[PDB]
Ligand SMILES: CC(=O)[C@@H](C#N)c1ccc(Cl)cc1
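Single chain ahead, written as structure tokens, the form solved without this ligand.
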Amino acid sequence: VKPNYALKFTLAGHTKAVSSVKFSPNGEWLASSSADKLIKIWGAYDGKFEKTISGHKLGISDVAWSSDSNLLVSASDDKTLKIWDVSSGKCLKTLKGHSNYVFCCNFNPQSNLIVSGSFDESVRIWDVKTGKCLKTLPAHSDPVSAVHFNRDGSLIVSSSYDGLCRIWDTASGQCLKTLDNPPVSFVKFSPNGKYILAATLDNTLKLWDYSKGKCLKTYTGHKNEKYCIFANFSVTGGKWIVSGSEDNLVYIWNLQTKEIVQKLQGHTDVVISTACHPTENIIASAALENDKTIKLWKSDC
């Protein structure tokens, strides 16, 4: 069995590289962030442009949704994160404390906390209500490429150009585990929180068993030597691994067999970001500044 993702919509409007696309947990919306300093909201099902959210003074590297689909958080080169009310487009809080570009961000499942990763080599944990920094983790010895909460928010996983993935106890900020050392460009937990998916800048994705601390699966064939490209667990139909690539394609692998099952063609630059819809067999992909578009794809499985 293989998926049959086909192009449904091309979403134009960003004037520089797209950096990140994310579906709202309720499946209604796609949010995109860009080097153009803007967040854009789009209909997940009709691709219809909804609104622009503005206020960052420099480019945005990442955006993430609260669990109720009402709030966004953005990570910017202006060294801040901003918490946004999606309905009003208003900036509710500016999260200050990082000393360099903020690269990655995520809410916990409760959405009382935000985790951030920065070029300043720290991971910060923030109170959503107050906008205050609760904890600063001296997490890494190079820029932090990704941060992600597990299923209940009890753990954070971080990755860095220093070649490490680290698992952190959210409550205490203490490191529970460190996983050659090529730069780690992306990491996230599996939906069940038992596994970690990690990208390294040697054109390799690895599935790690967190409990055992050992590599279970490797996914190759794509190009990733430069950019922090997002990767995804696709779980709505077949059990796939999804990633962008520096050869301008979306790669889809069989999680169990590690075989490439589809390559999506259409982008005219690096596919930096992919997202999987929470309920439908729908992928969003976004590309860098030769392309600047988002594409919505639909599969029967």
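The numbering used is simple: start at 1 and walk along the sequence shown.
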Check: Count of coordinate-less deposited residues separating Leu179 and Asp180, as none, 1 to 3, 4 to 9, or 10 or more?
Finding: 1 to 3
Check: Got a sec? Mean C-alpha B-factor, which is higher, 32-40 or 239-247?
Finding: 239-247
Next item on the list: Could you check the entry and say whether 210-218 or 181-189 has the higher mean CA B-factor?
Entry: 210-218
Notebook entry, point to check: When you compare the CA B-factors of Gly117, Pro109, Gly173, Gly97 as listed in the entry, which one comes out on top?
Noted result: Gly173
Notebook entry, point to check: Which is it among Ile260, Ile272, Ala64, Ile60: the one with the largest CA B-factor in the entry?
Noted result: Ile260
Checklist line | Where the record places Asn290 (Cα B-factor, split into thirds across the chain) | finding: highest
Note to self: Lowest, middle or highest third: which one holds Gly163 when the chain's residues are ordered by CA B-factor from the entry?
What the structure shows: middle
Checklist line | Cα B factor band for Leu134 (lowest, middle or highest third within the chain) | finding: highest
Notebook entry, point to check: Comparing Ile196 with the other modelled residues of its chain, is its CA B-factor in the lowest, middle or highest third?
Noted result: highest
Item checked: Modelled-residue ranking by C-alpha temperature factor, third containing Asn254 -> highest
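Unshown form solved in complex with this ligand; subsequent notes refer to it.
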Check: Is it open or blocked here: this ligand placed from its pose in the entry with it bound by C-alpha superposition, 2.4 Å cut-off to backbone or C-beta atoms, 3 or more ligand atoms needed to block?
Finding: open
Margin query: Check for me whether this ligand, as it appears in the entry with it bound, comes within 4.5 angstroms of all of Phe233, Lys239 and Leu255 - heavy atoms only.
Written below: yes
Notebook entry, point to check: Given that this ligand is left out here, which of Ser87, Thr178, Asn181, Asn192 has a heavy atom within 4.5 Å of it in the entry with it bound?
Noted result: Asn192
Check: Which single stretch, out of 108-116, 169-177, 126-134, 183-191, brings residue heavy atoms within 4.5 Å of this ligand in the entry with it bound?
Finding: 183-191
